[PDB]
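Novice: For reference, the structure I am asking about is given below.
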Amino acid sequence: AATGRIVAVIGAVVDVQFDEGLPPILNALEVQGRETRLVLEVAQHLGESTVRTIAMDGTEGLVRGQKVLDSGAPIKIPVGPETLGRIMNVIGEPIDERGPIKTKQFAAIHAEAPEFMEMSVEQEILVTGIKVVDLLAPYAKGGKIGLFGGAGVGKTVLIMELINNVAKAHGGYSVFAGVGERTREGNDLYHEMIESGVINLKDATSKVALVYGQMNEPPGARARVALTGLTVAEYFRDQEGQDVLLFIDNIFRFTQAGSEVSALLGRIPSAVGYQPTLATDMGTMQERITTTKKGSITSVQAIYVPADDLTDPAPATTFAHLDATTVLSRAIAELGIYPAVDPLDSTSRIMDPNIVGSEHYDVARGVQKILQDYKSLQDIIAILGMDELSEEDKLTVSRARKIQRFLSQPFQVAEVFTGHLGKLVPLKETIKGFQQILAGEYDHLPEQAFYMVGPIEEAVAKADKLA
Amino acid sequence: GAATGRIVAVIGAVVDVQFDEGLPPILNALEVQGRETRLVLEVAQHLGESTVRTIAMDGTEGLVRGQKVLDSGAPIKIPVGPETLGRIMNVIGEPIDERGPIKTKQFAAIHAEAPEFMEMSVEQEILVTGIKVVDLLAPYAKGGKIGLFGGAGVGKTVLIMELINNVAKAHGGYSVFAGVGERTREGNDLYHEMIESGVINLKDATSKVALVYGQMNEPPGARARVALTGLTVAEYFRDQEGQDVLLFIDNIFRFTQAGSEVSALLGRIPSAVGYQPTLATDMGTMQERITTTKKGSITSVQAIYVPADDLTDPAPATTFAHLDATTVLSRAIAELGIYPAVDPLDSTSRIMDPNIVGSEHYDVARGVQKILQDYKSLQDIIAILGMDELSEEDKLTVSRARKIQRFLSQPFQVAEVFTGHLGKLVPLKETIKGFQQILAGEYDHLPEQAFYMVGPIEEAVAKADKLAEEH
Amino acid sequence: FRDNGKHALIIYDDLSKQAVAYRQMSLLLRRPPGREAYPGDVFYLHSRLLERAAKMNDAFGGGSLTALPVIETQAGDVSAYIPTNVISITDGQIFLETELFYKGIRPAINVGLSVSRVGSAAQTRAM
Amino acid sequence: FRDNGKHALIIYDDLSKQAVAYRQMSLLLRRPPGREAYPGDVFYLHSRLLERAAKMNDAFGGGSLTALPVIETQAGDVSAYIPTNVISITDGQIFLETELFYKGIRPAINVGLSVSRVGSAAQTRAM
Amino acid sequence: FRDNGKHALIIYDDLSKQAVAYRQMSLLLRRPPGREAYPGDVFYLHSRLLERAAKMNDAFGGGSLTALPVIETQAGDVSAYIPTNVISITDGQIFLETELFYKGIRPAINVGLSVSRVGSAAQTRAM
Amino acid sequence: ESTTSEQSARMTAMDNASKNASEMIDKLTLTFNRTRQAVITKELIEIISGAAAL
Ligand SMILES: Nc1ncnc2c1ncn2[C@@H]1O[C@H](COP(=O)(O)OP(=O)(O)O)[C@@H](O)[C@H]1O
Ligand SMILES: [Mg+2]
């Protein structure tokens, strides 16, 4: 759509003067006369047939006068069923060098939100299969999750176990979207995913579609990575009707990169230093993840809290959209419990009897109670002694020890390491097992036999075999 | 004369001139005509259509637009040589003491470049001044660089005028005192404290100091260039003559801080907390000309004001790298009467090294600092448990540590008008021996008031006998 | 007085109100603000004032000119911008507090902190 | 030395003076400031530099490059602007305190506030 | 419904998000900010909206309009900039505590800090 | 008798100096957090207004 000469290059900001075919805002340009593709996405209009745009690769070797075309659309990306098991950057090019992605139709990355009369009005609960997550902090469908806990906690093994559970009972594929990630750790993620079974370099038996925008790529191309990993995630909602997942790592580097684009243009900053459009920019990304009538998109996002400040402007704005939290802490790994989930500091907004029912509420409020007093009398038994607690306190020692080991589970994606078969438990098998420990029907079981089993019938089975 | 420009815009202390014929380069000098005093403007920017942006060195009253401006062809040219000794001089090199003119045969333009990598003397030495905190804990070096930190009212004009007494009279080489923006009262004492003490002689030619004085009643473009008139007289004595020099500057924070007073009037966007965006560049342009090359040596002592006792301020915290030796005076110590106020756990030198000062000097000063950091972990217990709850080993720590803290204090000779005591000057061999014995236990039987304000350890037992006789 | 022989004394009540009359007067002349929108040369504003307070020699007349600048501070914090710029021009200080005034010490002078370069110790002989 | 099957090691000393040298250059080119008057692209300075350190593989030569960047904080404040970019980029930090330096522990390493993200794979089988 | 003798009720949810979406509209046109980078007139935004809830007398119909605004606070600060622009407008408050809601008392209404300046004189005699 | 009671009231009155210190730092972390954020904003408006006044 016409030819426009360049007229200014300042940093990661290019300035393109068209003649007739003036493109709309959010239109992707393509510079001609270069080695690999340099795209430019139009962000303003300035008058005098001049636009201004944010570059998405290095801005070196650009001469004042180069001819740049117009695609007549936004950034269009390969969207298909043959994009799983592959890796691409923000503008669709493959970077695992396994061959070009041979696809039929393309899709632009900028759309609008679902309509007011396309929503769903009855809240439902997306079971994953994990024991702690299903019960004490359940996921919604269409909901948004927060994942707290850095490296050294048992984190990436949780991500791959989610993807090997969503495709064994639900049938919806996923997307990974690393936003500004490390290039050194994008390869240990790729090479662990190969040997675990989710990406397969031989056939049509993949589950994840990696979209890596990495840390040495300019700030204009770091904000747009969660949209390109959202655009892929809608073909398995719109055009196929499945229950998509979507991982963003992490939700702070999406926010931090928006403040760099907004300060290269010239906009005056907000409170503590962020951009003025901080809640709308998070709005137009987070509103495209809903449960429409065809299918849904779920999301799982890791959050970094700067300077231990839970009222900082970036995690304040992100908490306004969340429907859950998950906290991975260093201490629960020391006990030997996997995954390292803190069941007292992990929440869920739909924890309410009108949404989850009556049976599920009066168990996840009972097993939430028995682990609160044990943290209190983890001091009285630590100073005064052992036999000096009451005989009704020799049962809050048992039933707060038998339970916090049954929050452990042998995963399936780490199959060769543990040597044990990966077990799955449905949502009525989580509830049937936790009720019988507060009822004390299995009060005659040692606290080690409640370790790395599946249903309630296995812990009992495991105990019989011992000794 | 060349390029007789014309004035167009006097906004503050930043005059802009417009040249018809010949544009002068950056860093020159310009001479405003028709004034009974000498006003010198230095070029700093080139704007387009033959207008430059200068900075005045005096008052900008009476500047009518359309006024002629001459040009000299070089930066500011001061006098220099041997005949500049026992004199006080202006920023543009003029007399301010009413003794007549400076008759020298050599001028030095104040803008030179830092000597290269292949002109760097590498050797370290030691230097003994006489003070039991300098010589024990942060020792100097012959040719090193020495900075005196600390807030306002903690003892920096006293500690720098005591080292002028100690070192700069028993020295064969010369000295220069450059006053970069301080009280004009304090610039009248040191002119008269050294006429009676023989360092300045007003009739013959055997003086051993030179003075450069531009004080804090001066416009903030002239309080940025007396730091450079200093080390241009203090470089002719190192390079041209092959001598040894001492460099005394008080205060060097007024060089940085008077660059923030004309930053935005020049046309720059201001950086963090209000400083100019060229902080660590105009500073390091100057603090690399104060070095010892292989033609001579310079031992530089500079007082460094820390604003509002905030050491993490960007004007002091970018000066901690241009220096070999730091003596940091605190205020919570000088409130206890301890004088010199020098912090024991914050001063630091490079030559504190078991291969230059010896492995007996080193084992002492790493046990003084280790028993003073052992004190502070007990002071948080005393505030709750009280003194008579501690064990008998920890009581022995507090008593020696308070004996050491009082023994680090020493009566200077310039406190003979403030306190009425008499002055000490302790040699190094006694300093090591005295502190070695308090750590051992050979003075565990004395009161603490013996150790306050003495010299050698043999004077701290001649006081514990007078206290017991007058009991 | 001072340039003719006699002895003067001058009180500025106060000098935190000669600064906000410079901040306003020189913002409407379109001069770019510094810290707390104060101009670049508030230190040069107070310093070119407080250095005329001389004590001349006896071959000029010997006259003197004392000065007693008053400074109001907010919440008793002395590390502000305009306080610290004028602490370091004066020889000594008199720190007036509030908990001294209310406990009963009036005039409420902190005699611990009220340091003074004693002025060649011209207290007097009997005192 | 990385493209040819050899190994190397580079020590930036220190990376908190490149970031001030860039900031002087931006704010005279009138590029718009941000927090602490750093430009917007200053995470882009230390991200494209500290990602060239790689461990290549057998089909490219078998080279290496290791980088130790040095960063100076100001009174234990690891939450300023530049010390929070470069903690997010790199693979661990080694944290030295001046309290341990005077209590007799030299080299003055804090063990609690230090980490390496790779760790036990980058050690010999005996250590 | 007010001006025709009928009785209305309006509920906003919430007025702190109208103020972050007016701050954006005023930063982007480069208007000077204030406390927490809020514009100079974030009071007149909410006063001229909440002045319109009135009760008219019997000449003008006798109809009424009741307004219940909603503000969100950050970890319990009732001395922030926006919650003291609405507390000094409305005729009372209904404080809800985040401590009382987790303990179990729901609706977690703090009875010691919730008042009504005018609604005391209008309730039923049975109560 | 008076030695046991002097020790077990040196335990209980030290728990209540430790509970009363947890409530004083959590009220002082919050005041610190707001005062930290309000000086980042304060110095930044000094620069935004320092550029745009040129
Ligand atoms: N021996 C001493 N040690 C410590 N302080 C002293 C001593 N003698 C006098 N003082 C007082 O300490 C103050 C230190 O101020 P001074 O060093 O003159 O200026 P600065 O503010 O630059 O430190 C002086 O006013 C003086 O009254
Ligand atoms: Mg002084």
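Ordering of the structure tokens sets the chain letters (A, B, ...); residue numbers start at 1 within each chain; ligands are numbered from 1 in the order shown.
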Neighbours of ligand 1 at 9 Å or closer, counting only C-alpha atoms and all ligand atoms: which residues, as a PyMOL selection string?
Specialist: (chain B and resi 150-160+182+186+250-251+303+305+334+337-341+410-419) or (chain C and resi 88+91-92+115-119)
Novice: Please dump the current selection as a compact mmCIF listing (two decimals), in the first residue's frame; keep N, CA and C atoms.
Specialist:
# COMPACT_ATOMS: atom_id res chain seq x y z
N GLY B 150 33.23 14.44 55.84
CA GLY B 150 32.51 14.82 57.04
C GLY B 150 31.69 16.09 56.84
N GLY B 151 30.70 16.26 57.71
CA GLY B 151 29.68 17.29 57.56
C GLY B 151 30.12 18.69 57.89
N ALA B 152 29.25 19.50 58.48
CA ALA B 152 29.57 20.89 58.80
C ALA B 152 29.76 21.03 60.30
N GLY B 153 30.91 21.57 60.71
CA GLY B 153 31.21 21.75 62.11
C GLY B 153 31.81 20.55 62.81
N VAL B 154 32.47 19.65 62.09
CA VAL B 154 33.06 18.46 62.70
C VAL B 154 34.57 18.52 62.82
N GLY B 155 35.22 19.52 62.25
CA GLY B 155 36.65 19.59 62.45
C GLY B 155 37.54 19.49 61.23
N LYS B 156 37.11 20.01 60.09
CA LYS B 156 37.89 19.90 58.87
C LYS B 156 38.81 21.07 58.61
N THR B 157 38.52 22.25 59.13
CA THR B 157 39.47 23.35 58.97
C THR B 157 40.54 23.30 60.05
N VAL B 158 40.29 22.56 61.13
CA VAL B 158 41.29 22.34 62.17
C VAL B 158 42.24 21.21 61.81
N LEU B 159 41.70 20.07 61.37
CA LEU B 159 42.52 18.94 60.93
C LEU B 159 43.33 19.26 59.68
N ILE B 160 42.92 20.25 58.89
CA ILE B 160 43.72 20.62 57.74
C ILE B 160 44.70 21.73 58.06
N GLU B 182 35.08 29.53 50.50
CA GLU B 182 34.83 29.31 51.92
C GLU B 182 34.76 30.67 52.61
N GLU B 186 37.88 32.86 57.73
CA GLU B 186 38.86 31.78 57.83
C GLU B 186 40.02 31.93 56.86
N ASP B 250 40.64 23.64 50.04
CA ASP B 250 39.50 23.70 50.94
C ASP B 250 38.62 24.83 50.44
N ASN B 251 37.45 24.52 49.86
CA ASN B 251 36.81 23.20 49.83
C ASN B 251 36.51 22.79 48.39
N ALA B 303 39.89 18.99 51.39
CA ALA B 303 38.72 18.91 52.25
C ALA B 303 37.48 18.74 51.40
N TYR B 305 33.41 18.71 51.66
CA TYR B 305 32.15 18.89 52.36
C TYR B 305 31.14 17.83 51.91
N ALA B 334 32.19 13.30 67.67
CA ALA B 334 32.64 14.59 68.20
C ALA B 334 31.63 15.18 69.18
N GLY B 337 32.91 14.50 72.77
CA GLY B 337 34.11 15.18 73.17
C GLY B 337 35.39 14.65 72.57
N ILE B 338 35.33 13.53 71.86
CA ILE B 338 36.50 12.91 71.24
C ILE B 338 36.98 13.80 70.10
N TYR B 339 38.25 14.19 70.14
CA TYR B 339 38.80 15.06 69.11
C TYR B 339 40.24 14.67 68.82
N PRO B 340 40.62 14.38 67.55
CA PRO B 340 39.94 14.40 66.25
C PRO B 340 38.80 13.42 66.11
N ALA B 341 37.76 13.85 65.41
CA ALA B 341 36.49 13.16 65.32
C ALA B 341 36.53 11.90 64.48
N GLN B 410 43.40 13.05 70.84
CA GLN B 410 44.71 13.63 71.06
C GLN B 410 44.60 15.14 70.98
N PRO B 411 45.22 15.86 71.91
CA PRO B 411 45.17 17.32 71.86
C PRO B 411 46.06 17.91 70.79
N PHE B 412 45.46 18.55 69.78
CA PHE B 412 46.26 19.17 68.75
C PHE B 412 46.86 20.46 69.27
N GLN B 413 47.83 20.98 68.52
CA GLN B 413 48.48 22.22 68.92
C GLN B 413 47.62 23.43 68.61
N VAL B 414 46.65 23.27 67.71
CA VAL B 414 45.81 24.40 67.34
C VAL B 414 44.56 24.47 68.22
N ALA B 415 44.40 23.50 69.11
CA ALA B 415 43.43 23.58 70.19
C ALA B 415 44.02 24.17 71.46
N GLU B 416 45.05 25.01 71.33
CA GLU B 416 45.60 25.71 72.48
C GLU B 416 44.91 27.04 72.70
N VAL B 417 43.91 27.34 71.86
CA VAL B 417 43.08 28.52 72.10
C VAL B 417 41.64 28.10 72.37
N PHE B 418 41.32 26.82 72.14
CA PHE B 418 39.95 26.37 72.34
C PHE B 418 39.79 25.64 73.67
N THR B 419 40.71 24.72 73.98
CA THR B 419 40.58 23.89 75.17
C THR B 419 41.54 24.29 76.29
N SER C 88 25.94 26.44 56.93
CA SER C 88 27.34 26.44 56.55
C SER C 88 27.81 27.77 55.99
N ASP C 91 29.06 31.28 61.68
CA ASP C 91 30.09 30.75 62.57
C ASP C 91 29.50 29.81 63.61
N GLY C 92 28.37 30.16 64.18
CA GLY C 92 27.76 29.33 65.19
C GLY C 92 26.25 29.44 65.14
N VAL C 115 26.48 24.96 69.28
CA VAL C 115 27.91 25.11 69.13
C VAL C 115 28.20 26.54 68.69
N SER C 116 29.42 26.99 68.92
CA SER C 116 29.84 28.32 68.52
C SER C 116 31.36 28.37 68.42
N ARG C 117 31.87 28.73 67.24
CA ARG C 117 33.24 29.18 67.14
C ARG C 117 33.36 30.44 67.96
N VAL C 118 34.06 30.34 69.09
CA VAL C 118 33.82 31.20 70.25
C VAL C 118 34.19 32.67 70.01
N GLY C 119 34.82 32.99 68.88
CA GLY C 119 35.03 34.38 68.54
C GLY C 119 36.23 34.94 69.26
Novice: Taking all C-alpha atoms matched one to one in order, superimpose chain C on chain E and note the resulting RMSD in Å.
Specialist: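 That comparison of chain E with chain C gives 1.0 Å.
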Novice: Looking at B:345, B:269, B:385, B:468, which one is nearest to chain F, with distances taken over only C-alpha atoms?
Specialist: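 Closest to chain F of all the choices is B:269.
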Novice: Just list as an MDAnalysis selection string whatever in chain D DSSP marks as strand (DSSP E or B).
Specialist: chainID D and resid 9:12 66:69 92:96 109:116
Novice: Using N, CA and C atoms, can you write the selected residues to a file as a PDB file, in the first residue's frame?
Specialist:
ATOM      1  N   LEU D   9      37.202 -14.925  29.482  1.00  0.00           N
ATOM      2  CA  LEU D   9      36.574 -14.405  30.690  1.00  0.00           C
ATOM      3  C   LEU D   9      36.796 -12.907  30.727  1.00  0.00           C
ATOM      4  N   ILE D  10      35.715 -12.150  30.859  1.00  0.00           N
ATOM      5  CA  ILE D  10      35.778 -10.698  30.790  1.00  0.00           C
ATOM      6  C   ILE D  10      35.206 -10.116  32.076  1.00  0.00           C
ATOM      7  N   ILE D  11      35.780  -8.998  32.522  1.00  0.00           N
ATOM      8  CA  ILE D  11      35.470  -8.388  33.808  1.00  0.00           C
ATOM      9  C   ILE D  11      35.202  -6.914  33.536  1.00  0.00           C
ATOM     10  N   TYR D  12      33.925  -6.527  33.534  1.00  0.00           N
ATOM     11  CA  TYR D  12      33.553  -5.123  33.408  1.00  0.00           C
ATOM     12  C   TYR D  12      33.652  -4.466  34.775  1.00  0.00           C
ATOM     13  N   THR D  66      32.702 -15.973  29.586  1.00  0.00           N
ATOM     14  CA  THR D  66      32.147 -15.738  30.906  1.00  0.00           C
ATOM     15  C   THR D  66      32.320 -14.262  31.228  1.00  0.00           C
ATOM     16  N   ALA D  67      31.317 -13.664  31.860  1.00  0.00           N
ATOM     17  CA  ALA D  67      31.362 -12.248  32.181  1.00  0.00           C
ATOM     18  C   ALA D  67      31.094 -12.057  33.658  1.00  0.00           C
ATOM     19  N   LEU D  68      31.963 -11.291  34.315  1.00  0.00           N
ATOM     20  CA  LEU D  68      31.759 -10.844  35.688  1.00  0.00           C
ATOM     21  C   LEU D  68      31.592  -9.335  35.667  1.00  0.00           C
ATOM     22  N   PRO D  69      30.372  -8.812  35.699  1.00  0.00           N
ATOM     23  CA  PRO D  69      30.200  -7.366  35.807  1.00  0.00           C
ATOM     24  C   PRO D  69      30.207  -6.896  37.251  1.00  0.00           C
ATOM     25  N   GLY D  92      23.037 -14.403  38.893  1.00  0.00           N
ATOM     26  CA  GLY D  92      23.423 -14.501  40.286  1.00  0.00           C
ATOM     27  C   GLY D  92      24.254 -13.315  40.707  1.00  0.00           C
ATOM     28  N   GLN D  93      24.361 -13.127  42.020  1.00  0.00           N
ATOM     29  CA  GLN D  93      25.209 -12.060  42.525  1.00  0.00           C
ATOM     30  C   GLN D  93      26.024 -12.544  43.716  1.00  0.00           C
ATOM     31  N   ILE D  94      27.156 -11.875  43.925  1.00  0.00           N
ATOM     32  CA  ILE D  94      28.050 -12.100  45.057  1.00  0.00           C
ATOM     33  C   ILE D  94      28.102 -10.796  45.846  1.00  0.00           C
ATOM     34  N   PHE D  95      27.655 -10.838  47.100  1.00  0.00           N
ATOM     35  CA  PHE D  95      27.301  -9.633  47.843  1.00  0.00           C
ATOM     36  C   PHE D  95      28.265  -9.423  49.003  1.00  0.00           C
ATOM     37  N   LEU D  96      29.042  -8.345  48.942  1.00  0.00           N
ATOM     38  CA  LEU D  96      30.094  -8.048  49.907  1.00  0.00           C
ATOM     39  C   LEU D  96      29.686  -6.863  50.779  1.00  0.00           C
ATOM     40  N   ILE D 109      32.503 -11.603  52.220  1.00  0.00           N
ATOM     41  CA  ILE D 109      31.377 -12.136  51.461  1.00  0.00           C
ATOM     42  C   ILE D 109      30.235 -12.394  52.425  1.00  0.00           C
ATOM     43  N   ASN D 110      29.055 -11.878  52.108  1.00  0.00           N
ATOM     44  CA  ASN D 110      27.823 -12.353  52.718  1.00  0.00           C
ATOM     45  C   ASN D 110      27.408 -13.618  51.988  1.00  0.00           C
ATOM     46  N   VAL D 111      27.102 -14.661  52.747  1.00  0.00           N
ATOM     47  CA  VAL D 111      26.698 -15.914  52.129  1.00  0.00           C
ATOM     48  C   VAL D 111      25.185 -15.963  52.007  1.00  0.00           C
ATOM     49  N   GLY D 112      24.482 -15.279  52.909  1.00  0.00           N
ATOM     50  CA  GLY D 112      23.028 -15.335  52.895  1.00  0.00           C
ATOM     51  C   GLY D 112      22.416 -14.558  51.747  1.00  0.00           C
ATOM     52  N   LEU D 113      22.969 -13.392  51.444  1.00  0.00           N
ATOM     53  CA  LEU D 113      22.465 -12.558  50.366  1.00  0.00           C
ATOM     54  C   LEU D 113      23.207 -12.756  49.053  1.00  0.00           C
ATOM     55  N   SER D 114      23.751 -13.940  48.798  1.00  0.00           N
ATOM     56  CA  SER D 114      24.419 -14.239  47.541  1.00  0.00           C
ATOM     57  C   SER D 114      23.851 -15.521  46.972  1.00  0.00           C
ATOM     58  N   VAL D 115      23.818 -15.608  45.646  1.00  0.00           N
ATOM     59  CA  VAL D 115      23.284 -16.773  44.961  1.00  0.00           C
ATOM     60  C   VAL D 115      23.983 -16.897  43.616  1.00  0.00           C
ATOM     61  N   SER D 116      24.039 -18.127  43.117  1.00  0.00           N
ATOM     62  CA  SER D 116      24.330 -18.420  41.722  1.00  0.00           C
ATOM     63  C   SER D 116      23.199 -19.297  41.223  1.00  0.00           C
TER      64      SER D 116
END
Novice: Name the residues in contact with residue 40 of chain E at a cut-off of 10 Å, using only C-alpha atoms, excluding same-chain residues fewer than 6 positions from it; report them as a ChimeraX atom specification.
Specialist: /E:23,26,31-34
Novice: Within 8 Å of chain B, which residues of chain C show up when using only C-alpha atoms, listed as a PDB file with N, CA, C and O atoms, in the first residue's frame?
Specialist:
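So out_26.pdb came out as:
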ATOM      1  N   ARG C  31      12.443  31.150  34.076  1.00  0.00           N
ATOM      2  CA  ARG C  31      13.715  30.553  34.411  1.00  0.00           C
ATOM      3  C   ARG C  31      13.487  29.156  34.952  1.00  0.00           C
ATOM      4  O   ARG C  31      12.579  28.956  35.760  1.00  0.00           O
ATOM      5  N   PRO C  32      14.272  28.175  34.529  1.00  0.00           N
ATOM      6  CA  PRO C  32      13.930  26.787  34.793  1.00  0.00           C
ATOM      7  C   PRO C  32      14.180  26.417  36.242  1.00  0.00           C
ATOM      8  O   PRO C  32      15.202  26.799  36.827  1.00  0.00           O
ATOM      9  N   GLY C  34      14.972  24.490  39.829  1.00  0.00           N
ATOM     10  CA  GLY C  34      15.904  23.511  40.355  1.00  0.00           C
ATOM     11  C   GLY C  34      15.227  22.568  41.321  1.00  0.00           C
ATOM     12  O   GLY C  34      14.211  21.969  40.974  1.00  0.00           O
ATOM     13  N   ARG C  35      15.770  22.422  42.527  1.00  0.00           N
ATOM     14  CA  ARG C  35      15.163  21.556  43.529  1.00  0.00           C
ATOM     15  C   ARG C  35      14.084  22.305  44.290  1.00  0.00           C
ATOM     16  O   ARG C  35      14.287  23.457  44.681  1.00  0.00           O
ATOM     17  N   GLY C  40      18.684  28.235  40.677  1.00  0.00           N
ATOM     18  CA  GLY C  40      20.000  27.649  40.813  1.00  0.00           C
ATOM     19  C   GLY C  40      20.807  28.286  41.917  1.00  0.00           C
ATOM     20  O   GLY C  40      21.569  27.605  42.604  1.00  0.00           O
ATOM     21  N   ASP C  41      20.609  29.578  42.142  1.00  0.00           N
ATOM     22  CA  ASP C  41      21.511  30.318  42.999  1.00  0.00           C
ATOM     23  C   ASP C  41      20.832  30.827  44.262  1.00  0.00           C
ATOM     24  O   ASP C  41      20.988  31.998  44.609  1.00  0.00           O
ATOM     25  N   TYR C  44      23.811  31.291  46.306  1.00  0.00           N
ATOM     26  CA  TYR C  44      24.434  32.567  46.011  1.00  0.00           C
ATOM     27  C   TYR C  44      23.571  33.730  46.479  1.00  0.00           C
ATOM     28  O   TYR C  44      24.074  34.841  46.649  1.00  0.00           O
ATOM     29  N   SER C  47      24.563  33.825  50.381  1.00  0.00           N
ATOM     30  CA  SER C  47      25.985  33.983  50.645  1.00  0.00           C
ATOM     31  C   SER C  47      26.481  35.374  50.322  1.00  0.00           C
ATOM     32  O   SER C  47      27.356  35.875  51.012  1.00  0.00           O
ATOM     33  N   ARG C  48      25.941  36.036  49.313  1.00  0.00           N
ATOM     34  CA  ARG C  48      26.447  37.371  49.019  1.00  0.00           C
ATOM     35  C   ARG C  48      25.919  38.427  49.973  1.00  0.00           C
ATOM     36  O   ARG C  48      26.300  39.593  49.862  1.00  0.00           O
ATOM     37  N   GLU C  51      28.178  37.837  53.991  1.00  0.00           N
ATOM     38  CA  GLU C  51      29.617  38.028  54.030  1.00  0.00           C
ATOM     39  C   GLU C  51      29.985  39.486  54.179  1.00  0.00           C
ATOM     40  O   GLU C  51      31.172  39.794  54.290  1.00  0.00           O
ATOM     41  N   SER C  79      17.808  19.165  58.126  1.00  0.00           N
ATOM     42  CA  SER C  79      18.432  18.685  56.901  1.00  0.00           C
ATOM     43  C   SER C  79      17.674  19.086  55.643  1.00  0.00           C
ATOM     44  O   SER C  79      17.752  18.379  54.636  1.00  0.00           O
ATOM     45  N   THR C  84      20.297  23.891  55.462  1.00  0.00           N
ATOM     46  CA  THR C  84      21.689  23.454  55.370  1.00  0.00           C
ATOM     47  C   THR C  84      22.541  24.390  54.533  1.00  0.00           C
ATOM     48  O   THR C  84      23.753  24.450  54.731  1.00  0.00           O
ATOM     49  N   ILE C  87      23.262  27.054  57.415  1.00  0.00           N
ATOM     50  CA  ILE C  87      24.096  26.568  58.512  1.00  0.00           C
ATOM     51  C   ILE C  87      25.573  26.710  58.176  1.00  0.00           C
ATOM     52  O   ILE C  87      26.382  27.111  59.022  1.00  0.00           O
ATOM     53  N   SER C  88      25.945  26.441  56.930  1.00  0.00           N
ATOM     54  CA  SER C  88      27.343  26.439  56.548  1.00  0.00           C
ATOM     55  C   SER C  88      27.806  27.772  55.995  1.00  0.00           C
ATOM     56  O   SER C  88      28.742  27.806  55.197  1.00  0.00           O
ATOM     57  N   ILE C  89      27.158  28.869  56.378  1.00  0.00           N
ATOM     58  CA  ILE C  89      27.714  30.201  56.183  1.00  0.00           C
ATOM     59  C   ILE C  89      28.014  30.897  57.507  1.00  0.00           C
ATOM     60  O   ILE C  89      28.874  31.793  57.554  1.00  0.00           O
ATOM     61  N   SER C 120      37.334  34.174  69.230  1.00  0.00           N
ATOM     62  CA  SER C 120      38.558  34.408  70.014  1.00  0.00           C
ATOM     63  C   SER C 120      38.289  34.472  71.518  1.00  0.00           C
ATOM     64  O   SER C 120      39.060  35.096  72.253  1.00  0.00           O
ATOM     65  N   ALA C 121      37.213  33.804  71.953  1.00  0.00           N
ATOM     66  CA  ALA C 121      36.815  33.634  73.350  1.00  0.00           C
ATOM     67  C   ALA C 121      36.740  34.962  74.085  1.00  0.00           C
ATOM     68  O   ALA C 121      37.333  35.149  75.147  1.00  0.00           O
TER      69      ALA C 121
END
